[PDB]
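See below for the structure under consideration.
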Protein chains: 4
Amino acid sequence: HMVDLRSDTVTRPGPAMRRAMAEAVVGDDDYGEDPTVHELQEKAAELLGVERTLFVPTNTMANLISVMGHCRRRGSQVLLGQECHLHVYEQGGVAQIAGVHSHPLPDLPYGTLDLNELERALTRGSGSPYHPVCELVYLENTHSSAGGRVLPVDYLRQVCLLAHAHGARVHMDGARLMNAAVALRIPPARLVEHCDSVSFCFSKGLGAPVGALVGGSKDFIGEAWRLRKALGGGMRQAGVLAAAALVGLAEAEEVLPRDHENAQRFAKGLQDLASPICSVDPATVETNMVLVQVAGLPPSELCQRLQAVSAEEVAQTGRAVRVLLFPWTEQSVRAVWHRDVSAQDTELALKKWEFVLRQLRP
Amino acid sequence: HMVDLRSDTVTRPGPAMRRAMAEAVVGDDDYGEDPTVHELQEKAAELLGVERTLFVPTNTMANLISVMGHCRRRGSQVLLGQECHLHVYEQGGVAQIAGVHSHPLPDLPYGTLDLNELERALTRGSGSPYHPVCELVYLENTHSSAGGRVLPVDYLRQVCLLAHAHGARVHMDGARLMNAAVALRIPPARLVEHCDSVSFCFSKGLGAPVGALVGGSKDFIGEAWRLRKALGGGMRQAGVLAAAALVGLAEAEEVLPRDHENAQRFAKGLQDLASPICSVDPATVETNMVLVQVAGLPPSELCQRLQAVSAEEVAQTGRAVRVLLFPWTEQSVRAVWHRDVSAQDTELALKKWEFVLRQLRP
Amino acid sequence: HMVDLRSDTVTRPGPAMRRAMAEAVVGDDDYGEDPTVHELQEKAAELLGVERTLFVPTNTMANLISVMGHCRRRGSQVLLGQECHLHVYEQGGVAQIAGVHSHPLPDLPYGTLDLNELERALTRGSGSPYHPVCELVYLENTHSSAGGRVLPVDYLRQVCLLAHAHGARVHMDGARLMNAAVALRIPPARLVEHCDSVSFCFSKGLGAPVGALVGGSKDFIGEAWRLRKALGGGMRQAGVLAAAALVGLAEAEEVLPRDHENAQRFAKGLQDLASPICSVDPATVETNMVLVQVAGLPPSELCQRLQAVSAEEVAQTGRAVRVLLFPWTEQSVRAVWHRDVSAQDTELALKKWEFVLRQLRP
Amino acid sequence: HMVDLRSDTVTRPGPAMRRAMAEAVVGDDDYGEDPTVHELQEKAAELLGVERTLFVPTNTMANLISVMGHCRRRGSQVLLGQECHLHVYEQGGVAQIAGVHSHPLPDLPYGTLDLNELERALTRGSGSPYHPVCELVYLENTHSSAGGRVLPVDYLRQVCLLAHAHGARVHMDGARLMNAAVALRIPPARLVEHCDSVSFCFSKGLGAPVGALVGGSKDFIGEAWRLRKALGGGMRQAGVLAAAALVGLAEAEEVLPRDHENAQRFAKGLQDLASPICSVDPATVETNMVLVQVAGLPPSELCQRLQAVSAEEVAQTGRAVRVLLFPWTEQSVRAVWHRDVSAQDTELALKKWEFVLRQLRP
């Protein structure tokens, strides 16, 4: 048996999604003739509170388009977090493709940036010609590398006040924005109100196979089209993909709460083991991610043992469960939940974790 | 009734394709865990005679990845045609994204480049440090802007001899490579043998909704992966799209011959009208495209009249056919055939053309 | 004896220039505290009829700054000539540094672009989002590769009318602008009136060791400063160089006429030889350059023989003159005059040419 | 009277330098025909222990060329300090020109990078294709923003061991490398032994008006030539500037010690005042810079008062000294010494500082 908690991107299409793709009404999106893509873009615009949206192949391209759309001036700068996904896991595309300078600030704690450090940075070269012009403050909600932490609304409000005062825009990587809205029990628009543009990903917790989009004003999306075209994201009959994304958008408020509960149950379960090797504070499990601190064992070996199966596992547990995880830091692993991990899969992953921990107990 | 000959990208998925998408076995392609994508990449590699292939969202990204993969040296240059699709209809991405210099040579005649001009250009800065280093010769087969002209094998052989002598690679934009192979009645590999890398598009004549790929050696595709990632083409469960592309690849040798026949029938039909306004040489209709020369009427108005319907059309023709076309040059329009244009649609488009021509006859 | 006609860049500083450098009042130009640089920028602004000017190290950087200043929009395009210096002999910097697309048009004939082809190109993607936006028309006066041909004022007037109608700017590479003004016997401002920005080079015919500048409006030069800084052209005590440039600017109207006369004398002299190997039309020698057509001998060997000295040369000529020249095309060489080539040096170069031609006469 | 301690770039040429420029033997450097430039490049290569050197207009271009020379791979990364000059005061050229990603690490303390953080960063994506490839570790000696701190030899040795193990090169911004060599009383080559390439600036403490250069192997300088050309640093008769740089290179070991003594005298003098507003630890004044901590007064106003002159200054001091300084941080100012600040100017600047401090004493 397999329980894959490496990422929520591994979500596979359900039967309602598979039917929607085979029954999609499509056209050439490059000509603006795909009705299902237009339906997705209009519904997502209403959900996010933006004027327009633009369907793209990946959330990577959506972030890259947004940065290029705000930071067009030669000698522009993005203020972002040093552990945000754009700065670490996107090939440095801000530089090698957008040609924009990046100024990273510490964000590990709770995915938030120190408002004092952010103000000092926004003021350093706010008018001096010797410094690059900060045209964008880049935010990520939820913050992936911090464990799926939720950015509060008031923090988002303070960032926009600080950015819009120094003549900068605000973009929010909302690759897991619905995970944040459900955690706060607020409509997603309340978070997007405090930003100029937003990314939104269907291929993670929502369960769609392919797709993301850029949200913003008409003018910003108007120029996002040319950038999508130049990067090679201007597909033809994309309504096949948008049909599946429409299904996941409707099931979001019902599917995502179960991912948060399963992650919280796992964190509480690991805590109830009182192991001197693994330590988790369930109060830090805000969404679908659990960061487990490891001691005395390299995190890679913990993932290797949890993925392997032994005859003694079948003895003291009963089942043979292969738990898939990623080593995150030098002293921690990361578990991500999604709709293909059932609550019974979660209990089985807890039992595998008990067995592995016991077989190496100091 | 609608007969859309603007482009072969408007092909809509058939029932076999719609079923394949709903029945696709998928995984995360970013982890290399989608079996249907791997099946498409292996079959296409055997079809094209390359070591590996890499599925991408669009043929635009496939060309951009190839140029970036060959022209990485700072101060690199691409030798290409001044009417090739990359140089005209791709937002100048060779420059604004790849940062590579372009040297266009005349290609309008038959999509071919003068081998003397190509040799003189390859020799100008072949060793001088004052000139950019030519690292790629860019070819397009079939050539779109010239009317779908087929590049002969011997011409491809001479280009590689000239390019590989001066230390340059050869990439072939094969957005309509199967249209060329069927026209020559040869396996597609015979054309790809004379190039280092190749693009291949499923979303045109093959009929798939979304998808293209890069073909080449293992090492070239190995680095194409990082470039696909940075540009935002690294999708997750792309096996949904690759399932439809596998169907069109199997129906290619049976679907494309009908597109060439319908285009040839139309060109002969227009010729049998002997109109002093429209003139076509059917000998120039090598694939699925027909360039119609217009006189005394702006090509935009000809497209407007062919798209419109009048009561007199219903009189002298019987049916109300809306023929969709694009104005190509200042004195010509362009018609492109595909599997959604039936042979009976072709005859109806001929009758609409007769009516329009007669109602403005000088 | 050496007569170096390879280029007019080989001009060495005179005693008045050497004194001006040692007596220059200088400061930190980066702080705007060098008075001699400010004096040069103000005098050149009055000479060219622009609002401001910005001293730069090379004419290469001046052209690169101008292109970057006009073509900042992502997906911008420059319309230029396929034999202009920017497109051929500047490492493709428009692409690898500015990230701008280039659309070259034929200019070899007389350094001019066909106004019909220029209008058809400016109209192709003037409003379509599928094409790059043409934001600059790039002109070169005098045109180097064509033999120092002068662009007429009326042609410059027609280009601006055509460019400013389609929302594009006009930049003029005036690396040899004074050579054109003296040829037309008009103030240099009459040429710059028909452009938005201009380059101007002191290190060629004017005789300065180092220096060039960008001319334009206050706002354009204001942003040219940031670009000069980013490229590494923001020098400190540049008044040392600007002092020598001020001397050459004052001697221009007296030094350059002698270069045109010496070149014209050489062209007439070569014609009076009636050789079936070398042919020049003196009517094509508009400035300080002479293109000599060669037959039966590779142009490289002609340069080798003219540079070499034999005992038979000392016999039938009397002196041993080493004439330095560059092979230009496959059938032509290029001679460029400057202030370090005296009129007596010109006669000696004619005699060397007679001897070489006679010793291989068919 | 003026005492300008804003920067050491304000050094003006001396009479020996002014004579050297007027007596320089020059040629076209673009053709490699300037003997004085070749003399400077050979002497500097012997001084630095590198194979070749390449004269450039500014130290900004020298750093930009080096980064571009090492980080050519698409998706390359530079590891540097977040307060190094390249990352803060160079328009973000690593991004907007070189297209390279930057990973800044904390360096403020002593200009050094934590070897553990540097190892963790070099190991994160050392082999993973999901991360950019670190091809350069960027060091600055002396570190400007930290107060001219000297990087020890052993630290340089440990950085190269760590960088060369993970397949990265090491470049050292030696804008003030001679200030470090004199401080350590070691030949400059001992520092350059622990790097692959080096920058070296003549226009600061050495006193030359214009000039810098890149040092490295033959192959690295060979490609630096093409990059210098593309950026517009390929000057013609640069031997005018190289003659002055040769004079400053010979006077370095005699001029720079006086700048360190004057700075140390000032730091001790300010300390002997025991003011609760200004505080300096003379042990932190390693070279020609003094960072003065300010309290109760914004650093801009302290610079304003020290620059202004009052009748009460002429009373209690005797002279009217205008001390020029830059505000550095929110709580500190920065003073930089050079050969145009005499030791008697230093004492006068101390007396002005006493007067200003006393007139606002809490």
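Nothing in this text is a laboratory measurement; each read-out follows from the coordinates by a stated rule. Positions of Cβ are generated from backbone atoms using ideal geometry, with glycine treated the same way; all protein chains shown enter the neighbour counts.
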### Query
Where in chain C are the DSSP H helices whose C-alpha atoms run 15 Å or more along the long axis and whose mean Kyte hydropathy is at least 0.0?
C:59-70, C:153-165, C:239-250
#### Entry: Estimated dipole of the protein assembly as shown in Debye, rounded to 20 [Cβ of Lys and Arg +1, of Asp and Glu -1, Cα centre]
0
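Fewest to most neighbouring Cβ within 10 Å: what's the order for B:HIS166, B:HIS87?
Ranked by crowding around the Cβ, least crowded first: B:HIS166, B:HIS87.
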### Query
Is the shape of the stretch C:253-358 rounded, prolate or oblate, going by the alpha carbon gyration tensor and its root eigenvalues a ≥ b ≥ c, with a/c under 1.5 for rounded and a/b larger than b/c for prolate?
oblate
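Roughly how big is the stretch D:13-250's charge dipole about its Cα centre, with Cβ charges of +1 (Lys, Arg) and -1 (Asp, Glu), in debye to the nearest 20? Mind showing how you got there, number by number?
Details: 21 positive and 24 negative charges, 38 e Å.
Dipole size: approximately 180 debye.
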#### Entry: Relative contact order computed over chain D (Cα-Cα under 8 Å; 6+ residues apart), in percent
24
### Query
When the dipole is taken about the Cα centre of the stretch B:253-358, and only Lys, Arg (+1) and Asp, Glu (-1) are charged at their Cβ, what size is it in debye, to the nearest 20?
280
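With the contact rule set at Cα under 8 Å and sequence spacing of 6 or more, what percent relative contact order holds for the stretch B:253-358? Walk me through the intermediate numbers first.
Values: 157 pairs, mean separation 33.7, N = 106.
It comes to 32 percent, rounded to a whole number.
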### Summary
With the label set 7 Å along Cα→Cβ, B:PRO276 is separated from its counterparts in the other copies, in nm and shortest first, by 5.4, 10.3, 10.4
### Summary
Note: C:217-227 gets an average of partner chain Cβ contacts (10 Å, Cβ to Cβ) equal to 2
#### Entry: Using a 7 Å Cα-to-Cβ projection, B:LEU184 label spacings across copies, nm, ascending
5.2, 6.0, 6.3
### Computed FRET value (nearest 0.05) for C:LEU184 with B:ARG124, which takes r as the C-beta separation and R₀ as 25 Å
0.20
### Query
From the label point of B:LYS218, set 7 Å along Cα to the beta carbon, how far off in nm is each other copy's matching point, shortest first?
3.6, 5.5, 6.5
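How shielded is A:65-73 by partner chains, expressed as the average number of their Cβ atoms within 10 Å of its Cβ atoms? Please report the intermediate quantities before stating the final value.
Values: counts 1, 0, 0, 4, 1, 0, 3, 4, 4.
Counting other chains' Cβ atoms within 10 Å and averaging over A:65-73 gives 2.
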### Query
In whole Å, what is the distance between the alpha-carbon centres of the stretch D:37-72 and the stretch A:18-84?
46
### Message
Restricting to bridges with both residues inside chain B, how much of the DSSP beta-bridge set is antiparallel, in percent to the nearest 5?
### Response
50
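Can you give the convex hull volume per residue for the Cα atoms of the protein assembly as shown, as a whole number of Å³?
Working: hull volume 286.3 nm³, N = 1448.
Spelled out: Cα convex hull of the protein assembly as shown, divided by residues, is 198 Å³.
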## Note on the structure
Note on the stretch D:13-250: the mean projected area of its alpha-carbon convex hull, in nm², is 12.0
## Note on the structure
Partner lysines whose C-alpha sits under 24 Å from that of D:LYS351, ignoring same-chain residues fewer than 8 away, are D:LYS268
### Message
Please compute the average number of Cβ atoms from other chains found within 10 Å of each residue's Cβ in peptide C:17-24.
### Response
5
### Task
Point me to the residue of chain C whose C-beta lies closest to the C-onto-B rotation axis, rounding the distance to whole angstrom.
C:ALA95, 2
### Message
Given the DSSP H assignment, sum -39500 (n - 2.57) over each helix run of at least 4 residues in chain B and divide by its residue total; what's the result at 222 nm in deg cm²/dmol, nearest 500?
### Response
-12500 deg cm²/dmol
### Message
Under 10 Å, Cα contacts only: if you run a Gaussian network model on chain C, which one of C:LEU325, C:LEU86, C:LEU297 comes out with the highest mean-square fluctuation?
### Response
C:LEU297
### Query
What is the set of long-range amide H partners of C:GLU83 at a cut-off below 5 Å, with H atoms built 1.01 Å from backbone N?
C:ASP107, C:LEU108
### Message
For D:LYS218, give me every one of the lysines with a C-alpha distance below 24 angstrom, ignoring sequence neighbours fewer than eight places off in its own chain.
### Response
D:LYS43, D:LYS229
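Pairs of alpha-carbon atoms within less than 8 angstrom and 6+ residues apart define the contacts here; what relative contact order does the stretch D:121-219 have, in percent?
On the way: 147 pairs, mean separation 23.0, N = 99.
Value for the stretch D:121-219: 23 percent.
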#### Entry: Max mean-square fluctuation residue, GNM over chain B, Cα-Cα springs under 10 Å, options B:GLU46, B:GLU254, B:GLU135
B:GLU254
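What share of the DSSP beta bridges in the protein assembly as shown is antiparallel, in percent to the nearest 5? Let's see the in-between values first.
On the way: 76 of 160 bridges.
Percent antiparallel among DSSP bridges in the protein assembly as shown is about 50.
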